[PDB]
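One structure below.
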Amino acid sequence: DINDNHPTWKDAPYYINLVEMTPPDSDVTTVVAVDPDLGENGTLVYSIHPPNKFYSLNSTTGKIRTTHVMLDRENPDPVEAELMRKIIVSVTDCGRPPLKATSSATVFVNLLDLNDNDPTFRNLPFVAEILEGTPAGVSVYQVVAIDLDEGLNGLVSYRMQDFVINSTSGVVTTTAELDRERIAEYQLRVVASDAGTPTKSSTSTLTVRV
Ligand SMILES: [Ca+2]
Ligand SMILES: [Ca+2]
Ligand SMILES: [Ca+2]
Ligand code: NA
């Protein structure tokens with residue numbers, strides 16, 4: 001009848017890979033604690049404490065799941081960033097008196113990246129001011145767009161659809177002597193792409209006035 005043992009954590013700390021945006025109620029991992037006491041003196045109750053809005057836990061099986069709060073690798077908030085990557089877990093037996101394990105157990109989640117973000121322009125849309133009789137091979141603008149994704153998924157390149165844009169630099173160069181009487185205003189649709197295998201794009205207008 002004496003509660004002879006505390007619960008004892010097993011293979012802690014835990015390190016786990018999880019893709020971001022993983023659907024709600026998707027399995028993450030199963031935390032495990034040991035207590036050889038018979039009856040309620042060894043019956044365990046797991047719990048996430050402090051509470052984590054990105055994960056739920058089966059009190060009896062110690063099995064963690066995701067919630068209707070999606071996991072976002074590009075979430076700018078430092079408070080959330082940590083919750084998404086660190087799950088602190090408390091356990092107790094149901095004995096008389098009830099005993100906790102003498103410390104919690106951290107689950108370290110590694111958030112794997114999806115190409116879920118598209119490029120977004122820093123300096124577009126814009127209106128570039130130029131004087132007529134500007135000869136060919138003159139830079140007028142340099143387009144900048146950023147992608148919050150990781151590695152190749154965040155690497156932004158530039159394309160169009162009387163000018164040419166260098167795909168690496170985002171620099172916009174002329175190909176002819178510009179004249180007010182031929183075309184005084186150009187609307188140029190610059191398409192910014194990333195390097196994901198399902199490539200994501202983003203278009204905005206550079207308005208050249210002569
Ligand atoms: Ca016990
Ligand atoms: Ca992403
Ligand atoms: Ca991207
Ligand atoms: Na994201």
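Ordered as shown in the structure tokens, chains take letters A, B, and onward, while each chain numbers its residues from 1 and ligands are numbered from 1 in the order shown.
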Show me, as JSON lines, the residues of chain A having an atom within 10 Å of ligand 4, each with the closest atom pair and its distance in Å, using only C-alpha atoms and all ligand atoms.
```
{"residue": "A:20", "atom": "CA", "partner": "ligand 4", "partner_atom_place_in_ligand_line": "1 (Na)", "distance": 7.1}
{"residue": "A:21", "atom": "CA", "partner": "ligand 4", "partner_atom_place_in_ligand_line": "1 (Na)", "distance": 7.5}
{"residue": "A:70", "atom": "CA", "partner": "ligand 4", "partner_atom_place_in_ligand_line": "1 (Na)", "distance": 9.5}
{"residue": "A:71", "atom": "CA", "partner": "ligand 4", "partner_atom_place_in_ligand_line": "1 (Na)", "distance": 7.8}
{"residue": "A:72", "atom": "CA", "partner": "ligand 4", "partner_atom_place_in_ligand_line": "1 (Na)", "distance": 4.4}
{"residue": "A:73", "atom": "CA", "partner": "ligand 4", "partner_atom_place_in_ligand_line": "1 (Na)", "distance": 5.1}
{"residue": "A:74", "atom": "CA", "partner": "ligand 4", "partner_atom_place_in_ligand_line": "1 (Na)", "distance": 4.7}
{"residue": "A:75", "atom": "CA", "partner": "ligand 4", "partner_atom_place_in_ligand_line": "1 (Na)", "distance": 6.7}
{"residue": "A:76", "atom": "CA", "partner": "ligand 4", "partner_atom_place_in_ligand_line": "1 (Na)", "distance": 9.8}
{"residue": "A:113", "atom": "CA", "partner": "ligand 4", "partner_atom_place_in_ligand_line": "1 (Na)", "distance": 7.5}
{"residue": "A:114", "atom": "CA", "partner": "ligand 4", "partner_atom_place_in_ligand_line": "1 (Na)", "distance": 7.0}
{"residue": "A:115", "atom": "CA", "partner": "ligand 4", "partner_atom_place_in_ligand_line": "1 (Na)", "distance": 7.7}
{"residue": "A:116", "atom": "CA", "partner": "ligand 4", "partner_atom_place_in_ligand_line": "1 (Na)", "distance": 5.4}
{"residue": "A:117", "atom": "CA", "partner": "ligand 4", "partner_atom_place_in_ligand_line": "1 (Na)", "distance": 5.9}
{"residue": "A:118", "atom": "CA", "partner": "ligand 4", "partner_atom_place_in_ligand_line": "1 (Na)", "distance": 9.7}
{"residue": "A:148", "atom": "CA", "partner": "ligand 4", "partner_atom_place_in_ligand_line": "1 (Na)", "distance": 7.8}
{"residue": "A:149", "atom": "CA", "partner": "ligand 4", "partner_atom_place_in_ligand_line": "1 (Na)", "distance": 7.0}
{"residue": "A:150", "atom": "CA", "partner": "ligand 4", "partner_atom_place_in_ligand_line": "1 (Na)", "distance": 9.8}
```
Review point. If we count only C-alpha atoms, what is near residue 89 in chain A at a cut-off of 6 Å, once residues fewer than 4 positions away on the same chain are taken out, given as JSON, numbers by chain?
Key: {"A": [47, 48, 49, 104, 105]}
Study note, to complete from the structure: For residue 25 in chain A, the closest of A:56, A:207, A:43, A:3 counting only C-alpha atoms is A:56
Exercise for review: Just list the residues in range 10-123 of chain A DSSP gives strand (DSSP E or B) on the backbone, as number ranges by chain.
Suggested key: A: 14-19, 27-30, 33-34, 44-48, 55-57, 63-66, 86-93, 100, 105-112, 120-121
Exercise for review: Determine, counting only C-alpha atoms, which protein, DNA and RNA residues have an atom within 8 Å of an atom of residue 209 in chain A; residues of the same chain fewer than 6 positions away are not included. Present the result as number ranges by chain.
Suggested key: A: 127-130, 184-186
Okay, now the selection with N, CA and C atoms, as a PDB file, in the first residue's frame?
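Listing of again-v2.pdb after writing:
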```
ATOM      1  N   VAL A 127       7.920  54.007 -58.767  1.00  0.00           N
ATOM      2  CA  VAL A 127       7.992  54.851 -60.008  1.00  0.00           C
ATOM      3  C   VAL A 127       9.426  55.405 -60.156  1.00  0.00           C
ATOM      4  N   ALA A 128      10.193  54.912 -61.144  1.00  0.00           N
ATOM      5  CA  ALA A 128      11.594  55.334 -61.430  1.00  0.00           C
ATOM      6  C   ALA A 128      11.591  56.562 -62.358  1.00  0.00           C
ATOM      7  N   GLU A 129      12.242  57.652 -61.926  1.00  0.00           N
ATOM      8  CA  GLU A 129      12.343  58.945 -62.663  1.00  0.00           C
ATOM      9  C   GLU A 129      13.598  58.905 -63.543  1.00  0.00           C
ATOM     10  N   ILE A 130      13.444  59.104 -64.865  1.00  0.00           N
ATOM     11  CA  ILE A 130      14.558  59.086 -65.877  1.00  0.00           C
ATOM     12  C   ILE A 130      14.356  60.235 -66.876  1.00  0.00           C
ATOM     13  N   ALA A 184       6.613  57.288 -73.463  1.00  0.00           N
ATOM     14  CA  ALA A 184       6.952  58.194 -72.327  1.00  0.00           C
ATOM     15  C   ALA A 184       6.785  57.472 -70.983  1.00  0.00           C
ATOM     16  N   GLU A 185       5.994  56.382 -70.949  1.00  0.00           N
ATOM     17  CA  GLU A 185       5.689  55.591 -69.725  1.00  0.00           C
ATOM     18  C   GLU A 185       5.662  54.089 -70.072  1.00  0.00           C
ATOM     19  N   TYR A 186       6.460  53.279 -69.352  1.00  0.00           N
ATOM     20  CA  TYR A 186       6.502  51.793 -69.433  1.00  0.00           C
ATOM     21  C   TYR A 186       5.972  51.197 -68.117  1.00  0.00           C
TER      22      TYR A 186
END
```
Could you build a table of the residues in chain A lying no more than 6 Å from ligand 1, giving for each the nearest pair of atoms and their separation in Å rounded to one decimal place, using only C-alpha atoms and all ligand atoms, ordered by chain and ascending residue number, as CSV?
```
residue,atom,partner,partner_atom_place_in_ligand_line,distance
A:3,CA,ligand 1,1 (Ca),4.9
A:4,CA,ligand 1,1 (Ca),5.7
A:5,CA,ligand 1,1 (Ca),4.1
A:6,CA,ligand 1,1 (Ca),4.7
A:7,CA,ligand 1,1 (Ca),5.9
A:35,CA,ligand 1,1 (Ca),5.5
A:37,CA,ligand 1,1 (Ca),5.2
A:41,CA,ligand 1,1 (Ca),4.3
A:42,CA,ligand 1,1 (Ca),4.5
A:93,CA,ligand 1,1 (Ca),5.5
```
For the selection just defined, write its residues with N, CA and C atoms to a file, as a JSON list (two decimals), in the first residue's frame.
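For reference, again26.json as written:
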```json
[["chain", "number", "residue", "atom", "x", "y", "z"],
["A", 3, "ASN", "N", 3.53, 3.99, -1.34],
["A", 3, "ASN", "CA", 4.05, 4.55, -2.61],
["A", 3, "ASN", "C", 5.58, 4.52, -2.50],
["A", 4, "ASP", "N", 6.21, 3.42, -2.95],
["A", 4, "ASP", "CA", 7.65, 3.10, -2.73],
["A", 4, "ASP", "C", 8.59, 3.86, -3.70],
["A", 5, "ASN", "N", 8.06, 4.40, -4.83],
["A", 5, "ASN", "CA", 8.88, 5.01, -5.93],
["A", 5, "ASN", "C", 8.20, 6.23, -6.54],
["A", 6, "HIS", "N", 9.02, 7.17, -7.03],
["A", 6, "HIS", "CA", 8.62, 8.25, -7.94],
["A", 6, "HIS", "C", 8.57, 7.68, -9.34],
["A", 7, "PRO", "N", 7.80, 8.29, -10.27],
["A", 7, "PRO", "CA", 7.98, 8.03, -11.69],
["A", 7, "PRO", "C", 9.39, 8.52, -12.10],
["A", 35, "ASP", "N", 7.62, 3.36, -13.34],
["A", 35, "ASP", "CA", 7.28, 3.27, -11.89],
["A", 35, "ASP", "C", 6.84, 1.84, -11.62],
["A", 37, "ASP", "N", 5.83, 0.32, -9.01],
["A", 37, "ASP", "CA", 4.79, 0.20, -7.96],
["A", 37, "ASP", "C", 3.52, -0.37, -8.59],
["A", 41, "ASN", "N", -0.33, 3.46, -7.04],
["A", 41, "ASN", "CA", 1.05, 3.92, -6.67],
["A", 41, "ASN", "C", 1.99, 3.90, -7.90],
["A", 42, "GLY", "N", 1.61, 3.25, -9.01],
["A", 42, "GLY", "CA", 2.39, 3.21, -10.27],
["A", 42, "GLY", "C", 1.59, 3.54, -11.53],
["A", 93, "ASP", "N", 2.25, 9.84, -10.41],
["A", 93, "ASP", "CA", 1.50, 8.60, -10.09],
["A", 93, "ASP", "C", 0.25, 9.03, -9.32]]
```
Check your understanding: So how many Å separate CA of residue 68 in chain A and CA of residue 51 in chain A, to one decimal?
Key -> 14.8 Å
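One distance worth recording is that between CA of residue 199 in chain A and CA of residue 141 in chain A, which is 24.7 Å.
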Point to revise | A:32, A:188, A:176, A:210 ranked by distance to residue 101 in chain A, top pick (using only C-alpha atoms) | key: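 That would be A:32, the residue with the smallest distance to residue 101 in chain A.
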Check your understanding: Can you list every residue in range 36-179 of chain A that DSSP puts in alpha helix (DSSP H), as a PyMOL selection string?
Key -> chain A and resi 78-85
Those same residues - N, CA, C and O atoms - I'd like them written as a CSV table (one decimal), in the first residue's frame.
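Dumped everything to out05.csv:
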```
chain,number,residue,atom,x,y,z
A,78,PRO,N,9.0,35.7,-31.0
A,78,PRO,CA,9.9,34.9,-30.2
A,78,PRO,C,9.2,34.0,-29.2
A,78,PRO,O,9.7,32.9,-28.9
A,79,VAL,N,8.1,34.4,-28.6
A,79,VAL,CA,7.3,33.7,-27.6
A,79,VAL,C,6.8,32.3,-28.2
A,79,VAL,O,7.0,31.3,-27.5
A,80,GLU,N,6.2,32.4,-29.4
A,80,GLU,CA,5.7,31.2,-30.1
A,80,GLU,C,6.8,30.3,-30.6
A,80,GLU,O,6.8,29.1,-30.3
A,81,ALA,N,7.7,30.9,-31.4
A,81,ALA,CA,9.0,30.3,-31.9
A,81,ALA,C,9.5,29.2,-30.9
A,81,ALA,O,9.8,28.1,-31.4
A,82,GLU,N,9.6,29.5,-29.6
A,82,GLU,CA,10.1,28.6,-28.6
A,82,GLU,C,9.1,27.5,-28.2
A,82,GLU,O,9.4,26.4,-28.2
A,83,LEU,N,7.8,27.9,-28.1
A,83,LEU,CA,6.7,26.9,-27.8
A,83,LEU,C,6.6,25.8,-28.9
A,83,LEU,O,6.6,24.6,-28.5
A,84,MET,N,6.7,26.3,-30.1
A,84,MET,CA,6.7,25.4,-31.3
A,84,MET,C,7.8,24.4,-31.3
A,84,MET,O,7.7,23.3,-31.9
A,85,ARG,N,9.0,24.7,-30.7
A,85,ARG,CA,10.2,23.9,-30.8
A,85,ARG,C,10.6,23.2,-29.4
A,85,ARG,O,11.6,22.5,-29.4
```
Exercise for review: Show which residues sit within 9 Å of residue 15 in chain A, as a PyMOL selection string. Count only C-alpha atoms, and ignore same-chain residues fewer than 6 positions away.
Suggested key: chain A and resi 106-110
Review point. Which neighbours of residue 30 in chain A fall inside 8 Å, counting only C-alpha atoms, when residues of the same chain fewer than 3 positions from it are skipped, and could you give them as a ChimeraX atom specification?
Key: /A:61-64
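Note that the spacing between CA of residue 157 in chain A and CA of residue 177 in chain A amounts to 26.9 Å.
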Review point. With only C-alpha atoms and all ligand atoms as the basis for distance, which of A:131, A:94, A:152, A:16 is at the shortest distance from ligand 2?
Key: A:152
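Among the candidates A:12, A:178, A:112, A:206, the one nearest to residue 142 in chain A when counting only C-alpha atoms is A:206.
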**Study point:** Selection: 9 Å around residue 193 in chain A, only C-alpha atoms, excl. self and same-chain fewer than 3 positions, as a VMD selection string
**Key:** chain A and resid 118 to 119 155 to 159 196 199 to 202
